[PDB]
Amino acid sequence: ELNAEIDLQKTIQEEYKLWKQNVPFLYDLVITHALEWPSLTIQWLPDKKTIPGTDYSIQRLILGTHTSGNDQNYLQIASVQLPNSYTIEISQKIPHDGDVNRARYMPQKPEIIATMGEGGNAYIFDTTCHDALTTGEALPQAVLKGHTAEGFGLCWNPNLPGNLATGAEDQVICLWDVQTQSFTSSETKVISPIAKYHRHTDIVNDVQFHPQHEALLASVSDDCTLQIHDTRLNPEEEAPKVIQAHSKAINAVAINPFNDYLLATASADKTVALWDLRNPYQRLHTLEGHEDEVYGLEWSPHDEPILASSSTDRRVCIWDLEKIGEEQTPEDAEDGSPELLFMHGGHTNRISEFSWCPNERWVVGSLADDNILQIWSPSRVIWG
């Protein structure tokens, strides 16, 4: 429909202009970078470099490309200045087979990066074994051969070095043991799964290991279930918990890094549901505020009650669970429920991914399909 497209372009233009006008009363920080190629994935690397005698530091982000088969794809590392504000630079490009659907660094060895790539292969790169800019086609340290179709689920086990979980559109979850010692710069190793789960009946959208329990894996799917897997058990059995969490597709799961029982799901039904693992079959609460499918989900690494979500409504929302149930005035209620702390409306296309900065409080990096990287911080008046 042409009229729909005309209206969408007009409303995005008007909303952006209204957003820019109110930025000074919303943010302590907004940095905008136009990327040469759009990225489906983003993750802060864990290192921070103070520049002494200066009011900034240097931090780094993992990006990828998705040319869609035209040109060479790349895993990239961007260096960004942050106030203790201005520049970005791609400090490393590593050739990559196909779209970078997701990229994640190994928590115990940040120079190792796993990706989800061409036709379902996952890839391992040791970025210290690659130059800053390389001529040819991809030469990964390892290809993980297992999925038969492209995928977006990818998570390292933070309590078992080299243990990786993937999930893809073939409805399969793979578990892997990546041993970096066998790597060389010469040739690509072939790794195959140590276990496969066939526990979903539709695309597997997200997997995540429990941060404090090495054998607990959570997964969510287009089949509308949230499942909790015990990784020590018979892979052919049913998962210990199958939860009918939403009535529409579930795109993301996120386990709270402070409260071991608290878990969030994000769904095409426009909501985020909260779950307690000790009564997993009815939800604790529904976070309502998005106007379209919710895709991205990440707990704050610094504050137990703070959750961020992103949506095809082009907003990133920050939720403060301590404000649940709090009395509102009618004029305040016009903005939505009280637990909706902050809305970031600076993007102008669909949000691909976002990531909380681990070295700065209240800093998010978020990407949209129109090549825009934004690094922002809501005003301390709002969150203090």
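Note that residue numbering follows the sequence shown and begins at 1.
Worksheet item: Hey, does residue 345 show up as a hole in at least a third of the other compared models?
Response: No, residue 345 has coordinates in all the other entries compared.
Worksheet item: Checking the other entries of this protein that model its neighbours, is residue 355 missing in at least a third?
Response: no, residue 355 modelled in all other entries.
Worksheet item: What is the count, as a class, of unmodelled deposited residues between residue 84 and residue 85: none, 1 to 3, 4 to 9, or 10 or more?
Response: Gap between residue 84 and residue 85: 10 or more residues without coordinates.
Discussion item. Mean Cα B factor from the PDB record: higher for 250 to 258, or higher for 228 to 236?
Written reply: Here the higher of the two C-alpha B-factor means belongs to 228 to 236.
Fill in: Comparing 37 to 45 with 61 to 69, the one whose average Cα B-factor in the PDB entry is higher
On average, C-alpha B-factors are higher across 61 to 69.
Fill in: Among 189, 285, 200, 270 - the residue whose C-alpha B-factor is largest in the record
That would be 189.
Fill in: Identity of residue with top Cα B-factor, from 278, 102, 302, 210
In the PDB entry, the greatest C-alpha B-factor among 278, 102, 302, 210 is found at 278.
Practice prompt. Tell me, lowest, middle or highest third: where does the Cα B factor of residue 88 rank within its chain?
Written response: It falls in the top third of the chain.
Worksheet entry | residue 177 - Cα temperature factor, lowest/middle/highest third of chain | For residue 177, whose C-alpha B-factor we compare with every modelled residue in the chain, the answer is the highest third.
Discussion item. Using only modelled residues of the chain, where does the Cα B factor of residue 183 rank: lowest third, middle third or highest third?
Written reply: Highest third - that is where residue 183 ends up once the chain's C-alpha B-factors are sorted.
Practice prompt. Check where residue 134 lands among this chain's C-alpha B-factors and tell me if it's the lowest, middle or highest third.
Written response: Highest third, going by the recorded CA B-factors of the chain.
Practice prompt. Compare the C-alpha B factor of residue 339 with those of the other modelled residues in its chain, then answer lowest, middle or highest third.
Written response: Middle third of the chain for residue 339's C-alpha B-factor.
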